[PDB]
Amino acid sequence: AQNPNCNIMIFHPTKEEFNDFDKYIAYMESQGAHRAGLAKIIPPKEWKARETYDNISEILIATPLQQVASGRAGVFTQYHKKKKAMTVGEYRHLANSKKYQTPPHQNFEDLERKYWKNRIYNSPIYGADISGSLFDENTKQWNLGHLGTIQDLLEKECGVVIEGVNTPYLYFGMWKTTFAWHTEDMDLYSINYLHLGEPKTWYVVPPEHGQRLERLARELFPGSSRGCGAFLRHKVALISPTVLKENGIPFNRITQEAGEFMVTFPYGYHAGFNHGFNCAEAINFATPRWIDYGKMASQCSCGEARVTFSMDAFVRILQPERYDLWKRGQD
Ligand SMILES: O=C(O)CNC(=O)C(=O)O
Ligand SMILES: [Mg+2]
Ligand code: NI
Ligand SMILES: [Zn+2]
């Protein structure tokens, strides 16, 4: 079995290997990359996402989210308070202000220590989940707006044509902006490109050990667990590496820098934080190997998780027994 310790693998495809996206994912899996739940892909030196980032300031962040924490430094939840709209240029200036900017630090490890010590005492503002793309239309390789759609994959594998679309999302971050522990909708893959700015640190639990994380989360967030049998779908809970290590939960960590891709694999729980002002683009995708994970994915039916239009068909076709209850939670 390849990669039996479930380490995060880093790949350096050549420009020739960068042509066929599906083929390269299957290659990474042949080497055991999926066992970690997360992989890094460094694009060939010849590749670029677009020519420059000089003209992005007028993008609108319609609903910036202030991420307010509750709990203790290593075990907390966050809620999202909606703020007034602002442009990317306005948000960049805010991120660089004395109130929100990255503190002085020695290296990524020092910054990680400072994040876990101090996150809860601040409320950073995240421009998340903005439909759109920063890939140039002429970028033919690993263009996250030109991927094969999940609806087409389901149709190719299973023969059933379904409604829905699959488009990318932009994320504008600042110091301490935080992504809570989650797997993707329907335990899909994700791919994330860091277009510009400061790094993003990731934590990930191997898919084979995801239920260990779920059991700890039920212990640590006991009211939330009584409220919903899949409350991590709410995307609000954080648990630090120190707490994971104290409770014996297998995990790994890595820092993504500008110009690098990350892939999350089906049922790979992940969480993380931004180091400073940045912009990332991410989208969900599927492969043949995902289908079995989609069929087994947990679902929130309490009403909290509320997701896209396109998830309806996935539930309806892959999980017909759950459909009625889940749809009630959507309505
Ligand atoms: O970058 C972020 O805030 C969160 N991204 C992801 O969870 C992802 O790409 O799957
Ligand atoms: Mg602009
Ligand atoms: Ni994710
Ligand atoms: Zn729920």
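Note that ligands are numbered from 1 as they come in the structure, with each ligand's atoms numbered from 1 the same way. If you read the sequence from its start, that first residue is 1, and numbering goes on from there. These numbers come from the heavy atoms of this one structure, side chains and all, not from hydrogens, waters or symmetry mates.
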> Counting heavy atoms only, which of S190, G272, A271 comes nearest to atom 10 (O) of ligand 1?
Replying inline: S190
Given that the side chain starts at C-beta and the backbone is N, CA, C, O, which of these parts of [X] lies under 4.0 Å from ligand 1, counting heavy atoms, or is it both or neither?
X: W202; answer: side chain
X: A280; answer: neither
X: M262; answer: neither

>> Is it the case that ligand 1 has an N or O less than 3.5 angstrom from some N or O of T264?
In response: no
Nearest to [atom], what protein heavy atom do you find, and at what distance?
atom: atom 5 (N) of ligand 1; answer: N192 ND2, 3.6 Å
atom: atom 1 (O) of ligand 1; answer: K200 NZ, 2.9 Å
atom: atom 6 (C) of ligand 1; answer: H270 NE2, 3.9 Å

> When the ring centroid of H195 is compared with that of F135, is the distance short of 6.0 Å?
Replying inline: yes
> Is the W47-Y193 ring centre distance short of 6.0 angstrom?
Replying inline: yes
> Looking at CE of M9 and NE2 of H34, how far apart are the two atoms once the value is rounded to the nearest 0.5 Å?
Replying inline: 10.5 Å
> Which distance, rounded to the nearest 0.5 Å, do you find between the NZ of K176 and the CZ of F273?
Replying inline: 10.5 Å
>> Ignoring hydrogens and geometry beyond distance, is a side-chain donor-acceptor pair present between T183 and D187 at under 3.5 Å?
In response: yes
>> Working note: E281 + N192, criterion side-chain hydrogen bond (donor to acceptor under 3.5 Å, both in side chains); need CA distance, chi angles, decisive distance, verdict.
In response: CA-CA 6 Å; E281 180 171 342; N192 182 299; over 6 Å; no
Should you measure from each heavy atom of [X], which atoms of ligand 1 turn up under 4.0 Å away?
X: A282; answer: 9 (O)
X: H182; answer: 7 (O)
X: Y126; answer: 1 (O), 2 (C), 3 (O)

>> Checking ring pair (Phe, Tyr, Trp, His ring centres under 6.0 Å) between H270 and each of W181, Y203, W202, which is the one that passes?
In response: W202
>> Rounding to 10°, state the angle centred on the Zn ion (ligand 4) that links SG in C228 with SG in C300.
In response: 120°
> Name the one of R92, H93, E90 that satisfies side-chain hydrogen bond (donor to acceptor under 3.5 Å, both in side chains) with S57?
Replying inline: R92
